[PDB]
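# Structure at a glance
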Amino acid sequence: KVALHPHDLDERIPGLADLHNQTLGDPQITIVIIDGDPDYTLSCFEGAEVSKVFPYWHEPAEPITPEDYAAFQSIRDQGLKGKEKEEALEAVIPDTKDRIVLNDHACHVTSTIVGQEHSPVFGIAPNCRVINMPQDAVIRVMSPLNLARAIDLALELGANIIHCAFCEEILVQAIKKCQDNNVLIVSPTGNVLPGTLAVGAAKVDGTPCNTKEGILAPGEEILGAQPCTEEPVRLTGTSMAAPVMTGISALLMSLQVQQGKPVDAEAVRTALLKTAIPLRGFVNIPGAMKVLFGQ
């Protein structure tokens with residue numbers, strides 16, 4: 001009845017309003033986002049506990065001009081597809097388009113998780129601690145070696161949740177170390193490991209746009225930030241559903257802290273998966289709250 005903190009996805013995600021009534025996150029919960037380089041000048045990140053840690057083993061990349069970002073956004077807003085989209089990107093931003101895809105993705109994903117209330121993008125968990133670990137410098141990104149190194153560093157930075165927008169034996173063992181150290185890994189199914197929460201995209205009506213340890217969440221028309229403008233945009237894809245689950249998972253962990261319970265990543269992951277309404281099903285916050293908190 002009364003959403004104390006009205007959120008865009010309240011109607012599409014039962015129990016989100018009620019969960020928001022109880023927490024908007026806790027700064028003791030750290031989320032490390034392994035993605036591109038987000039734009040922290042956006043007002044949705046003002047007052048947010050956000051910081052960038054660039055992996056020390058990357059060569060820093062030259063900053064991308066606002067004009068290049070605007071070119072990419074114009075091409076999206078015209079709704080160009082297929083061969084014509086690619087010919088348009090190649091015509092105007094051939095050297096920078098691949099980095100921009102990553103950086104733009106990072107703005108959107110970070111805004112979905114931690115965007116401040118009453119800004120243009122209100123995130124799921126605006127009071128959690130968020131560290132961005134940009135990877136765009138490596139584009140000259142799906143490399144398993146580099147992701148393993150990035151995951152090891154994210155663990156050392158104190159991650160409770162690692163959001164990997166890109167998730168070889170070395171990577172498999174880095175994921176395993178996260179599980180052994182009670183750190184949740186969240187990644188999209190795409191458009192493979194225990195203790196990973198794999199996320200698929202649901203349409204606006206809740207149907208689907210991996211199956212054993214996956215969950216579906218809203219992935220269509222998700223409101224988020226884009227670089228160099230205060231104007232938000234709605235995007236669609238499995239990598240749009242993943243950040244919704246990262247935020248939800250962070251809220252549930254935040255509630256464990258607020259109730260004086262130890263952070264328990266595996267309890268949160270298994271509660272989500274076992275209560276999902278037929279991957280394993282659509283996210284079911286009311287069921288998860290019952291399993292975790294007796295609500």
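Throughout what follows, the structure given in this document is the object of discussion. (Residues numbered from 1 in each chain as written, not as in the entry; some residues may be left out. Heavy atoms only, no water. Residues with missing side-chain atoms left out of burial classes, pairs and counts.)

Its volume calculated, the largest cavity comes out at about 50 Å³. Together, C178, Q179, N182, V183, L184, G195, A265 and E266 line the largest cavity. For the lining of the largest cavity, the secondary-structure elements that each account for two or more residues are helix 6 (169-180) and helix 8 (265-275). For the lining of the largest cavity, the residue count by class is four nonpolar, three polar and one charged. Empty space within the second largest cavity amounts to approximately 40 Å³. Residue lining of the second largest cavity: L42, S43, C44, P120, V121, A225, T229 and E230, and that is the complete set. Across the lining of the second largest cavity, the residue classes break down as five nonpolar, two polar and one charged. (1 Å grid on protein atoms, 1.4 Å probe; cavity = no way out; pocket = protein on both sides within 12 Å on 5 of 7 lines; lining within 4 Å. Points joined across faces, edges and corners; volume = space filled by probe spheres on them. Helix = DSSP H or I, 4+ residues; strand = E, 2+ residues; numbered from the N terminus. Nonpolar A, V, L, I, M, F, W, Y, C, P; charged D, E, K, R; others polar.)

Looking now at the sheet that holds strand 5 (residues 184-188). Strand order in the open sheet made by the seven strands is 2-3-1-4-5-6-7, with parallel pairing throughout. Two strands lie at the open edges of the sheet, namely strand 2 (50-52) and strand 7 (214-218), each paired on one side alone. On average, each strand axis in the sheet is inclined to that of its neighbour by 25 degrees, with strand direction left out of account. Relative to strand 5, strand 4 (residues 161-164) runs parallel, the two being bridged by three bridges. Opposite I162, over in strand 5, you have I185 as the bridge partner. Helix 4 (residues 97-114) rests against strand 1 (30-35), strand 2, strand 3 (129-134) and strand 4 of the sheet, and its axis sits at about 160 degrees to strand 1. (Pairing = 2+ DSSP bridges. Axes fitted to C-alpha atoms, helices over the stretch in contact; angles between N-to-C directions. Contact = heavy atoms within 4.5 Å.)

Turning next to the pattern of salt bridges. Considering all chains together, one arrives at eight salt bridges under this definition. Two residues, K203 and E220, come together in a salt bridge whose shortest N-O distance is 3.4 Å. A salt bridge links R269 to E266, with the shortest nitrogen-to-oxygen separation between them at 2.9 Å. Of this pair, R269 and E266 are both found in helix 8, three residues apart, which corresponds to roughly one turn of the helix. A residue is classified by how much of its surface remains accessible, and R269, at 6% relative accessible area, is buried. (Salt bridge = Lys/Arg side-chain N within 4 Å of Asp/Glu carboxyl O. Buried < 20%, exposed > 50% of the residue type's maximum accessible area, 1.4 Å probe, protein only.)

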